[PDB]
């Protein structure tokens, strides 16, 4: 099949305890230590630690999902202290219902729908670079996020702080492992997911990041706007090209779902310059498009790693 180009073996250098999350036994404190005051900005609340009066964020989990709770807790613990990764403060249970919850550092977020409209060229370079630091970090620890999207990138624009959140879909990368392709959120799903290729890796997060970069510099949010998972691939092919899609599938011996036969159509590859017009011209540059082209490409294995992306000339002003 395929393997990752950069942190392929990191989990083989770990003790089984590190990645065997089904065996992890969280220590559950008492949620009564927390006063849940308001909804944050889903089942996430602003809270006050009653002991020290510190503001935190409490995320209530779904009690019946044992595997995923252990997986999210283990991954968050493995990543603790990672650059721009949301800090898990505590793991607690409500003493009556026994429902598990996670306690996180508080970040005063600006909704991306408003924030992205005032970002400058420099701002986009700055925050993308910060997000790349988080991805390079978690990839280096053998973990794929699998849900990179604007809602999961909290930004405090006052303090210039960025935190990558919601590790509920994150998984450990093991070479040749076959994963669930029904992950991420529709607009940010990589083509490997949409064609049911299960042997994917960290490069999935780099596709999602590319989708974010495209929506920020082009002001088309989301950039690939599929109406369903099938149409999502069609939207991508209208840009990257249909013959190019087939080349990708041939290289990895992927059979295309026959449903695509009559909806895919025929589309030549578009040059990224095609998406420039007066409303986004001040966010676009040749270096932006060169980076983008090396992220949003079918071949997951040839996509830039997070570290390679960080070395790109697009980030020279923020390095």
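Whichever C-alpha set is largest while still superposing within 1.5 Å between the two forms counts as the rigid core. Numbering follows the first chain given and starts at 1.
S.K.: After a rigid core fit, does 286-294 or 22-30 show more C-alpha displacement in 5 other deposited structures of this protein?
M.R.: Comparing 22-30 with 286-294, the one that moves more in 5 other deposited structures of this protein is 22-30.
S.K.: Quick one: with the core lined up, is it 148-156 or 94-102 that wanders further in 5 other deposited structures of this protein, going by C-alpha RMS?
M.R.: It is 94-102 that deviates more in 5 other deposited structures of this protein.
S.K.: Look at the stretch from residue 41 to residue 42 and count the residues of the deposited sequence that the entry does not model, then pick none, 1 to 3, 4 to 9, or 10 or more.
M.R.: In the record, 4 to 9 residues between residue 41 and residue 42 lack coordinates.
S.K.: I need to verify one thing: averaged over C-alpha atoms only, is the B-factor higher for 114-122 or for 134-142?
M.R.: Stretch with the higher mean C-alpha B-factor: 114-122.
S.K.: Mean C-alpha B factor from the entry: is it higher for 207-215 or for 171-179?
M.R.: Mean C-alpha B-factor is greater for 171-179.
S.K.: Going by the entry, which of 274, 266, 280, 285 has the most elevated CA B factor?
M.R.: Answer for 274, 266, 280, 285: 266, with the highest C-alpha B-factor.
S.K.: Whose CA atom has the top B-factor in the entry, of 109, 242, 185, 84?
M.R.: Checking the PDB record, the top C-alpha B-factor among 109, 242, 185, 84 is at 109.
S.K.: Split the chain's modelled residues into thirds by Cα B-factor; is residue 160 in the lowest, middle or highest one?
M.R.: Highest third.
S.K.: By the record's CA B-factor, is residue 37 among the lowest, middle or highest third of residues in the chain?
M.R.: Top third by C-alpha B-factor.
S.K.: Thinking about Cα B factors across the chain, which third does residue 307 belong to?
M.R.: As the PDB entry reports it, the C-alpha B-factor of residue 307 lands in the middle third of its chain.
S.K.: Lowest, middle or highest third: where is residue 293 by Cα B-factor in its chain?
M.R.: It falls in the bottom third of the chain.
S.K.: Considering every modelled residue of the chain and its Cα B-factor in the PDB entry, is residue 56 in the lowest, middle or highest third?
M.R.: Within its chain, residue 56 is a lowest-third residue by C-alpha B-factor, going by the deposited values.
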